[PDB]
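Take a look at the structure set out below.
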Amino acid sequence: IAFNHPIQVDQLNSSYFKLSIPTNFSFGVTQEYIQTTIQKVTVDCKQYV
Amino acid sequence: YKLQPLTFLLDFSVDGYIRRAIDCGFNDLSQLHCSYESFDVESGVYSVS
């Protein structure tokens with residue numbers, strides 16, 4: 001089991017607030033196919049039947 | 001005129017005496033007229049045997 005690891009930040013008692021700053025662009029991803037339409041077909045009566 | 005068993009769409013006027021009939025067997029358009037059970041069918045692409 002290795003799903004118990006969480007990235008964390010520490011709250012500050014002082015009025016000033018601690019924060020985490022990004023430094024790397026690290027671009028690149030893919031997006032799921034949306035399907036949009038289904039194949040269109042018509043059965044022919046007196047042939048398939 | 002020769003007689004054969006046939007499926008005929010029958011249109012009846014106010015009198016109820018048969019005035020207009022459609023022979024489903026003769027012509028592709030007549031088969032389409034028998035479908036929808038209407039003398040005139042809306043324009044569309046229709047499959048035939």
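Labels for the structure tokens follow display order: chains A, B, ..., residues from 1 in each chain, ligands from 1.
Every residue of chain B with a DSSP assignment of strand (DSSP E or B), taken from the backbone, is listed as residues 8, 9, 10, 11, 12, 18, 19, 20, 21, 22 and 23 of chain B.
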Using only C-alpha atoms, which residues sit within 12 Å of segment 35-44 of chain A once same-chain residues fewer than 5 positions away are excluded, as a ChimeraX atom specification?
/A:49 /B:45-49
Distance query residue 32 of chain B at most 12 Å, only C-alpha atoms, self and fewer than 6 positions along chain excluded, as an NGL selection string:
:B and (9 or 22-26 or 38-49)
All helix (DSSP H, G or I) residues (DSSP, backbone) inside chain B, as a ChimeraX atom specification
/B:28-37
Within 7 Å of chain B: residues of chain A, using only C-alpha atoms, as a compact mmCIF listing (two decimals) with C-alpha atoms, in the first residue's frame:
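So part.txt came out as:
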```txt
# COMPACT_ATOMS: atom_id res chain seq x y z
CA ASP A 44 -32.72 -4.18 -44.23
CA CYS A 45 -36.06 -6.01 -43.75
CA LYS A 46 -36.75 -9.09 -46.01
CA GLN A 47 -32.95 -9.71 -46.13
```
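Atom pair atom CA of residue 2 of chain A / atom CA of residue 26 of chain A has a distance of 24.2 Å (rounded to one decimal).
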Quote the spacing between atom CA of residue 20 of chain A and atom CA of residue 7 of chain A in Å to one decimal place.
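Here the two named atoms are 10.7 Å from each other.
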Show me, as JSON, numbers by chain, the residues that have an atom within 10 Å of segment 19-21 of chain B when counting only C-alpha atoms, minus same-chain residues fewer than 6 positions from it.
{"B": [8, 9, 10, 11, 12, 13, 39]}
Would you mind exporting N, CA, C and O atoms of the selected residues as a PDB file, in the first residue's frame?
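Full text of result.pdb as output:
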```
ATOM      1  N   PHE B   8     -53.345  -3.930 -49.412  1.00  0.00           N
ATOM      2  CA  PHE B   8     -53.667  -2.624 -50.043  1.00  0.00           C
ATOM      3  C   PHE B   8     -53.988  -1.568 -48.987  1.00  0.00           C
ATOM      4  O   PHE B   8     -54.897  -1.807 -48.170  1.00  0.00           O
ATOM      5  N   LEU B   9     -53.285  -0.432 -49.014  1.00  0.00           N
ATOM      6  CA  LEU B   9     -53.656   0.673 -48.092  1.00  0.00           C
ATOM      7  C   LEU B   9     -54.948   1.276 -48.643  1.00  0.00           C
ATOM      8  O   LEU B   9     -54.990   1.547 -49.856  1.00  0.00           O
ATOM      9  N   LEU B  10     -55.962   1.473 -47.798  1.00  0.00           N
ATOM     10  CA  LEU B  10     -57.268   1.959 -48.319  1.00  0.00           C
ATOM     11  C   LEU B  10     -57.602   3.317 -47.694  1.00  0.00           C
ATOM     12  O   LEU B  10     -57.591   3.411 -46.454  1.00  0.00           O
ATOM     13  N   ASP B  11     -57.923   4.311 -48.525  1.00  0.00           N
ATOM     14  CA  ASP B  11     -58.305   5.654 -48.012  1.00  0.00           C
ATOM     15  C   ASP B  11     -59.817   5.819 -48.184  1.00  0.00           C
ATOM     16  O   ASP B  11     -60.305   5.620 -49.313  1.00  0.00           O
ATOM     17  N   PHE B  12     -60.522   6.179 -47.109  1.00  0.00           N
ATOM     18  CA  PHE B  12     -62.004   6.270 -47.173  1.00  0.00           C
ATOM     19  C   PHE B  12     -62.438   7.728 -47.023  1.00  0.00           C
ATOM     20  O   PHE B  12     -61.903   8.425 -46.141  1.00  0.00           O
ATOM     21  N   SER B  13     -63.377   8.169 -47.865  1.00  0.00           N
ATOM     22  CA  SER B  13     -63.887   9.563 -47.799  1.00  0.00           C
ATOM     23  C   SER B  13     -64.991   9.661 -46.742  1.00  0.00           C
ATOM     24  O   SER B  13     -65.182   8.682 -45.993  1.00  0.00           O
ATOM     25  N   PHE B  39     -50.829   8.782 -47.299  1.00  0.00           N
ATOM     26  CA  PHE B  39     -50.802   8.854 -48.784  1.00  0.00           C
ATOM     27  C   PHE B  39     -49.532   9.589 -49.224  1.00  0.00           C
ATOM     28  O   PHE B  39     -48.919   9.173 -50.224  1.00  0.00           O
TER      29      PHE B  39
END
```
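For the pair atom CA of residue 15 of chain B and atom CA of residue 27 of chain B, the separation is 28.8 Å.
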Any idea what's packed within 12 Å of residue 18 of chain A, counting only C-alpha atoms, ignoring anything in its chain fewer than 6 positions away? Could you give it as a list in words?
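In the requested form, the answer reads residues 8, 9, 10, 11 and 12 of chain A.
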